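For this one, two forms of the same chain are given in structure tokens, first as structure 1 and then as structure 2.
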Structure 1
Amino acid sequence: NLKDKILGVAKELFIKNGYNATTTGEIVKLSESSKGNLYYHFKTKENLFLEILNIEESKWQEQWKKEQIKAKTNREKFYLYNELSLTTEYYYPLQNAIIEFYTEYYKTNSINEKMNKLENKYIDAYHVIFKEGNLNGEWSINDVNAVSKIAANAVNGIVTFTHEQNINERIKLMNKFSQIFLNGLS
């Protein structure tokens, strides 16, 4: 494909280097397409990156729906989602690139809108789990949105800031975190 091999080489570059480290020159010299091509579907470079995120959050959310069956209670789904978070090949590997990205486009207005459209997708899985768990009598959260937002970011914190220590050490901490947290809700 064309408008799909771009998105591919781009994802690979944003991860391998960083957001700025990868230039449109590079994406082209390895995705072979005149500068203009990258201009139709993808208006700007911040469009191509914001595009990659959407796909990634979708592939990830999709992977979780196909794996969440292995958890019977919402309590178990919480532990599971946070554990799988450390291993997916989806979305989470772009978090550094996203931190970089936001530091260099937070002076524009169309940024806080798109970076907040994704926010809703990103915390959705937690919203389901906490609401569904309210319905299933697993706990009683008065402010579901607040808690989903906290859970999502705290977890994104664990996944992102421990990216060097042995993987099983990380799963261990994440489980202790999921424990402290749900225990905190009831």
Structure 2
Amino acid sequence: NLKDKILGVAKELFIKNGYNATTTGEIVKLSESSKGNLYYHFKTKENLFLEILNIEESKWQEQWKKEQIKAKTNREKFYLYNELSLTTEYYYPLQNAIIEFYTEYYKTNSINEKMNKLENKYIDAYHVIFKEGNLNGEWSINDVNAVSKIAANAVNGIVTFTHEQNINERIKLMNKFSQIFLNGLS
């Protein structure tokens, strides 16, 4: 459990103080742990942070696994997933500590590698919507991996680079894109 308490106190610390700002001395004392132990488990603050990101991503995966019960067809699952990504980012705290981490440990192929292994988990989501949609012939795509990376990064920049518009607008652009994209696949 001492492992988990470290993960827990860290997530919080990162939300309240940001990334570069949180210190491992803090992490160790607030988790009533030890420097030694922390090294044993994570080796670095960067990996500590990465581990968190896996666990969040694990929750998200799970979160969505239930929210999708209200999407009967895959066309639907595509529109809904794109939206949830847009809406649920507004009020998702970690988001700042991530932006702060990514725009730093970005130039390190070292971290950037573990970073991608993770970026794929968020990409498979689509991978599946497209596969299924295929079997249920909702469309007939055939390089689901390419189309999937395209969708994940398109959606992603709509989410990221539109922060200046008021939410009722962003959610409007996003649904349109889902249509134009989905449209261009048939």
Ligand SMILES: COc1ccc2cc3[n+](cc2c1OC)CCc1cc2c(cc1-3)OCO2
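One-based numbering along structure 1's sequence throughout. Rigid core here is just the name for the largest C-alpha set that superposes within 1.5 Å across the two forms.
Between the two chain copies, the one drawn from the form solved in complex with berberine is structure 2.
In the core-superposed comparison between structures 1 and 2, the C-alpha atom of residue 76 has shifted by less than 2 angstroms. Once both forms are fitted on their core, a CA shift of 2 Å or more is seen for residue 10 between structures 1 and 2.
Superimposing on the larger rigid part's C-alpha atoms between structures 1 and 2 leaves the smaller part rotated by 20 degrees.
Core superposition places the Cα of residue 102 4.4 Å apart between structures 1 and 2. Shown is the Cα shift of residue 116 between structures 1 and 2 after rigid core superposition, which amounts to 2.4 Å.
In the core-superposed comparison between structures 1 and 2, the CA atom of residue 168 travels 1.1 Å.
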